[PDB]
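Here's the structure we're looking at; comments come further down.
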Amino acid sequence: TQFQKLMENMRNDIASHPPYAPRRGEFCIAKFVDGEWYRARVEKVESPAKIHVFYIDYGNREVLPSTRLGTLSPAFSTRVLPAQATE
Amino acid sequence: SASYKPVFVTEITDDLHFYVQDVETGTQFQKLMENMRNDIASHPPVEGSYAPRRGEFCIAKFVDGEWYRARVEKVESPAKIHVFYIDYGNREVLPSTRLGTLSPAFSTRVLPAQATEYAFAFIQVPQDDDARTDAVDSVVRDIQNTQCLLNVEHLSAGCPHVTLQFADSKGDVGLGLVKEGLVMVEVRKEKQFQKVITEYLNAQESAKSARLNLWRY
């Protein structure tokens, strides 16, 4: 799928260019508990240790430290492929 | 990726998903239930101080005659209210006379819903109802209402996909279903799953040769 292709490309890029200031509404990459990176949006900033993100392609939500966030490169923005899950 | 968390598996669904509780918070849950059940015994819900609406929390009196935290899903009629037991994962249709108000002392703010839904990584849920029942039955027999180790493998459109390990190093639960011919392998393409997928496909070849279950004919 477009999504699988994008994820492969993005992961490649992150492993070649490993990673940010979280703000409500801002796009990012987020490292999930599987240790892998996904596209996300910052939904709520409760504190540095507690950023509430939404995984824009999968629909899951998670509170995590901002140390597990990074910039989403223009090559993997929502213009390239829209969020695959409904926020 | 390998971070194994001890979980208590509480419910296997007919779609071969399952609900687990984090062993860490088990005692807090235990305390809450005893506190809540004492309250309910002193202050039994009166009809009809509770009006069921989709989305609304409640207490529900389960088939063991005990009360649990729940959330209302479909309301068919006052005799038929669909509820979801938030700490365990099972669902039930009950009359409004077996429901009550969930008082704030025992709310999700005091202690969050304790059950989380997961699916097995690397396998296909059988589409045939009979085959799927056979797979669910194997999982119910082997892990339902027991402690397991859980490792999150990846995100998915629905709940995350995980592997489970039996207690006493008996091995990978999903892989065991493959070895028994009860489920087929989902061939993941991601690089980090190459080795595990090879392991699963080999198990599946073994089930095929032995002509087990799905491979009977």
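Just remember, in the structure tokens the first chain shown is A, the second B, etc., residues are 1-based per chain, and ligands are 1-based in the order shown.
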Q) Residues at most 7 Å from residue 52 of chain A, counting only C-alpha atoms, excluding those fewer than 6 positions away in the same chain, as a list in words? A)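 Using only C-alpha atoms, the neighbours found are residues 42, 43, 44, 45, 62, 63 and 64 of chain A.
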Okay, now the selection with N, CA and C atoms, as a PDB file, in the first residue's frame?
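File out.pdb, as written:
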```pdb
ATOM      1  N   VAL A  42       0.928  16.108  17.816  1.00  0.00           N
ATOM      2  CA  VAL A  42       0.830  16.505  19.217  1.00  0.00           C
ATOM      3  C   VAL A  42      -0.569  17.046  19.498  1.00  0.00           C
ATOM      4  N   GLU A  43      -1.272  16.423  20.438  1.00  0.00           N
ATOM      5  CA  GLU A  43      -2.654  16.802  20.715  1.00  0.00           C
ATOM      6  C   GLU A  43      -2.779  17.626  21.987  1.00  0.00           C
ATOM      7  N   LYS A  44      -1.925  17.326  22.951  1.00  0.00           N
ATOM      8  CA  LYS A  44      -2.020  17.928  24.267  1.00  0.00           C
ATOM      9  C   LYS A  44      -0.618  17.871  24.852  1.00  0.00           C
ATOM     10  N   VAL A  45      -0.136  19.003  25.355  1.00  0.00           N
ATOM     11  CA  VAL A  45       1.143  19.041  26.053  1.00  0.00           C
ATOM     12  C   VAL A  45       0.885  19.258  27.554  1.00  0.00           C
ATOM     13  N   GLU A  62      -1.285   8.033  22.597  1.00  0.00           N
ATOM     14  CA  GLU A  62      -0.313   7.679  23.607  1.00  0.00           C
ATOM     15  C   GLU A  62       0.269   8.927  24.271  1.00  0.00           C
ATOM     16  N   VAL A  63       0.508   8.829  25.575  1.00  0.00           N
ATOM     17  CA  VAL A  63       1.256   9.827  26.307  1.00  0.00           C
ATOM     18  C   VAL A  63       2.704   9.360  26.419  1.00  0.00           C
ATOM     19  N   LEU A  64       3.645  10.175  25.953  1.00  0.00           N
ATOM     20  CA  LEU A  64       5.068   9.820  26.005  1.00  0.00           C
ATOM     21  C   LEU A  64       5.952  11.038  26.208  1.00  0.00           C
TER      22      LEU A  64
END
```
Q. Can you tell me, as an MDAnalysis selection string, what residues are no more than 10 Å from segment 78-85 of chain B when counting only C-alpha atoms, ignoring any on the same chain fewer than 5 positions away?
A. chainID B and resid 51:60 62 68:73 90:99 113:115
Q.
Which residues are close to residue 212 of chain B, i.e. within 9 Å by only C-alpha atoms, leaving aside same-chain residues fewer than 2 positions away? Reply as an MDAnalysis selection string.
A. chainID B and resid 179:182 207:210 214:217
Q: List every residue of segment 13-60 of chain A that DSSP, applied to the backbone of this structure, assigns to strand (DSSP E or B), and report them as a PyMOL selection string.
A: chain A and resi 27-31+37-47+50-55
Resulting file, chosen residues, C-alpha atoms, as a CSV table (one decimal), in the first residue's frame:
```csv
chain,number,residue,atom,x,y,z
A,27,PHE,CA,3.1,17.1,13.3
A,28,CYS,CA,6.0,14.9,14.3
A,29,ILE,CA,7.4,11.4,14.3
A,30,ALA,CA,6.8,9.4,17.5
A,31,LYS,CA,8.6,6.3,18.7
A,37,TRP,CA,8.8,5.4,14.5
A,38,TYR,CA,5.4,6.6,13.3
A,39,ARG,CA,3.8,9.7,12.0
A,40,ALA,CA,2.0,11.5,14.8
A,41,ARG,CA,0.3,14.8,15.8
A,42,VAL,CA,0.8,16.5,19.2
A,43,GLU,CA,-2.7,16.8,20.7
A,44,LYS,CA,-2.0,17.9,24.3
A,45,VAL,CA,1.1,19.0,26.1
A,46,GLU,CA,0.6,18.2,29.7
A,47,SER,CA,4.3,18.4,30.5
A,50,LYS,CA,3.8,13.7,29.1
A,51,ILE,CA,3.1,14.7,25.5
A,52,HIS,CA,-0.3,13.3,24.3
A,53,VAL,CA,0.1,12.2,20.6
A,54,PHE,CA,-2.2,10.8,18.1
A,55,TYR,CA,-0.7,8.3,15.6
```
**Q.** Interface residues on chain B facing chain A, 8 Å, only C-alpha atoms, written as a count of residues only
**A.** 11
Residues near segment 16-31 of chain B, cut-off 9 Å, only C-alpha atoms, skip fewer than 5 positions along chain, as a tab-separated table (two decimals) with C-alpha atoms, in the first residue's frame:
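Listing of out.tsv after writing:
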```tsv
chain	number	residue	atom	x	y	z
B	5	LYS	CA	5.49	-7.27	30.20
B	6	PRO	CA	3.67	-9.65	32.56
B	7	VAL	CA	-0.08	-9.45	31.84
B	8	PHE	CA	-3.16	-11.28	33.04
B	9	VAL	CA	-5.17	-12.39	30.01
B	10	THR	CA	-8.89	-11.98	30.89
B	11	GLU	CA	-10.90	-12.58	27.71
B	36	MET	CA	-16.96	-1.01	45.43
B	87	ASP	CA	-11.70	-4.04	33.52
B	88	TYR	CA	-12.01	-7.50	31.93
B	89	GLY	CA	-13.12	-7.10	28.32
B	90	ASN	CA	-16.18	-9.34	28.09
B	111	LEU	CA	-8.54	3.90	38.48
B	114	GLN	CA	-7.90	-2.13	33.41
B	115	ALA	CA	-8.39	-4.15	30.23
B	116	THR	CA	-6.50	-3.44	26.98
B	117	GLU	CA	-7.38	-5.09	23.64
B	118	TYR	CA	-4.68	-6.74	21.52
B	119	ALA	CA	-4.39	-9.04	18.53
B	120	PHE	CA	-1.75	-11.70	17.69
B	125	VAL	CA	-7.58	-14.90	11.93
B	126	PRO	CA	-9.45	-17.68	10.07
B	132	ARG	CA	-12.00	-19.52	13.96
B	133	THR	CA	-13.98	-21.14	16.78
B	135	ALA	CA	-8.53	-21.33	17.18
B	136	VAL	CA	-10.35	-19.31	19.88
B	139	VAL	CA	-6.41	-19.99	23.14
B	144	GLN	CA	-7.59	-17.37	29.30
B	147	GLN	CA	-0.60	-14.80	33.48
B	159	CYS	CA	-5.54	-2.59	18.27
```
(Q) Which residues are close to residue 48 of chain A, i.e. within 9 Å by only C-alpha atoms, leaving aside same-chain residues fewer than 6 positions away? Reply as a ChimeraX atom specification. (A) /A:22,64-67
(Q) Quick one: residues within 12 Å of residue 199 of chain B, only C-alpha atoms, excluding same-chain residues fewer than 2 positions away - as a VMD selection string? (A) chain B and resid 122 172 174 to 176 178 to 179 185 to 187 193 to 197 201 to 206
Restricting the output to N, CA and C atoms, write the selected residues as a tab-separated table (two decimals), in the first residue's frame.
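Below is the file that was written, again-v1.tsv:
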```
chain	number	residue	atom	x	y	z
B	122	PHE	N	1.54	-11.57	13.32
B	122	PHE	CA	2.13	-12.55	12.42
B	122	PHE	C	1.19	-13.69	12.01
B	172	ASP	N	5.92	-19.34	22.45
B	172	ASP	CA	5.17	-18.31	21.76
B	172	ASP	C	3.77	-18.87	21.48
B	174	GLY	N	1.04	-17.60	19.77
B	174	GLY	CA	0.60	-17.51	18.37
B	174	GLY	C	1.32	-18.52	17.49
B	175	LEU	N	2.61	-18.66	17.71
B	175	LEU	CA	3.41	-19.65	16.99
B	175	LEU	C	2.86	-21.05	17.22
B	176	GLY	N	2.43	-21.32	18.45
B	176	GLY	CA	1.83	-22.62	18.79
B	176	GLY	C	0.56	-22.88	17.99
B	178	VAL	N	0.01	-21.69	14.99
B	178	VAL	CA	0.53	-22.03	13.67
B	178	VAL	C	1.01	-23.49	13.58
B	179	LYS	N	1.76	-23.93	14.59
B	179	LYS	CA	2.34	-25.27	14.59
B	179	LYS	C	1.25	-26.33	14.61
B	185	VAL	N	-0.13	-18.07	8.63
B	185	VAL	CA	0.83	-17.01	8.89
B	185	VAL	C	0.52	-15.77	8.05
B	186	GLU	N	0.62	-14.60	8.69
B	186	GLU	CA	0.58	-13.33	7.98
B	186	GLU	C	2.01	-12.92	7.63
B	187	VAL	N	2.34	-12.98	6.35
B	187	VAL	CA	3.71	-12.71	5.93
B	187	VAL	C	4.01	-11.20	5.90
B	193	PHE	N	11.07	-7.91	10.94
B	193	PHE	CA	10.25	-9.12	11.14
B	193	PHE	C	10.70	-10.29	10.26
B	194	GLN	N	11.77	-10.12	9.50
B	194	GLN	CA	12.20	-11.16	8.55
B	194	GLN	C	12.49	-12.49	9.26
B	195	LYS	N	13.24	-12.43	10.36
B	195	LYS	CA	13.61	-13.65	11.08
B	195	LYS	C	12.42	-14.35	11.77
B	196	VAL	N	11.53	-13.57	12.38
B	196	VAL	CA	10.38	-14.18	13.05
B	196	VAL	C	9.41	-14.76	12.03
B	197	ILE	N	9.23	-14.07	10.91
B	197	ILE	CA	8.36	-14.57	9.86
B	197	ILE	C	8.88	-15.88	9.28
B	201	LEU	N	6.66	-19.28	9.20
B	201	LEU	CA	6.48	-20.04	7.95
B	201	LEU	C	7.01	-21.48	8.04
B	202	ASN	N	8.13	-21.67	8.73
B	202	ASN	CA	8.63	-23.02	8.96
B	202	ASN	C	7.66	-23.86	9.80
B	203	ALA	N	7.09	-23.26	10.84
B	203	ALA	CA	6.10	-23.94	11.67
B	203	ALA	C	4.88	-24.31	10.84
B	204	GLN	N	4.51	-23.41	9.94
B	204	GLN	CA	3.35	-23.62	9.10
B	204	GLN	C	3.58	-24.75	8.10
B	205	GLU	N	4.80	-24.84	7.58
B	205	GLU	CA	5.16	-25.98	6.72
B	205	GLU	C	5.06	-27.28	7.50
B	206	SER	N	5.47	-27.26	8.77
B	206	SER	CA	5.36	-28.43	9.63
B	206	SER	C	3.90	-28.87	9.85
```
Q: One decimal, Å: what's the distance from atom CA of residue 3 of chain A over to atom CA of residue 4 of chain B, could you say?
A: 27.9 Å
Q: as a list in words, please: all residues of segment 10-71 of chain B that backbone DSSP puts in alpha helix (DSSP H).
A: residues 26, 27, 28, 29, 30, 31, 32, 33, 34, 35, 36, 37, 38, 39, 40, 41 and 42 of chain B
Q) Hey, which of B:15, B:103, B:183, B:77 ends up closest to residue 45 of chain B? Count only C-alpha atoms. A) B:103
Q. Could you pull the residues within 9 Å of residue 76 of chain A, counting only C-alpha atoms, minus those fewer than 4 positions along the same chain, as a ChimeraX atom specification?
A. /A:6-7,9-10,39,72,80-81
Q. How many Å lie between atom CA of residue 70 of chain A and atom CA of residue 14 of chain A, rounded to one decimal?
A. 9.4 Å
